[PDB]
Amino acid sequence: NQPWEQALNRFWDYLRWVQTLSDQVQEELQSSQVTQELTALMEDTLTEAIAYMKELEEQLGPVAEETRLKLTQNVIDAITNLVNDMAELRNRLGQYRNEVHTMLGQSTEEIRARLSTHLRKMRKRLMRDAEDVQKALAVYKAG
């Protein structure tokens, strides 16, 4: 219950730090450090989430096979939507690094705003998807 959501909160904190567009995050965006750090954070989040889901399934009662299969599939589909949005965020951060490499070192002051709006919409949809993942987990604790 708590551990995977605590990992998700650490991921949120890192996402806020990267969407502040500080000069530290602007020099780490070109060293690919933020990309792999975000990757490790969301990987820990996903591992905790799937561990919680596997424990919930492990303590599933006198369940019919098809219903258990469908519930597990619901949780897995929620998690994989989260993974899809996460991977899109990661790939677009890499693309932003390689397309500020298009002038080889310097970035403008408006491509930052465009990237920032993209990151804000990504954060909102990530919150929505993570909370429906938690909802699917709650639904799993039944039957």
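Quick note: we count residues from 1 along the sequence shown, nothing fancier.
On average the C-alpha atoms of 54 to 62 have higher B-factors than those of the other stretch, with 54 to 62 and 40 to 48 being the two compared. Here the stretch with the larger average CA B-factor, out of 101 to 109 and 114 to 122, is 101 to 109.
Residue-level inspection of the entry shows that, of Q95, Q26, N84, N74, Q95 has the top Cα B-factor. Split the chain's modelled residues into thirds by C-alpha temperature factor. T35 is in the middle one. When the CA B factors of the chain's modelled residues are split into thirds, the value for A142 lands in the highest one.
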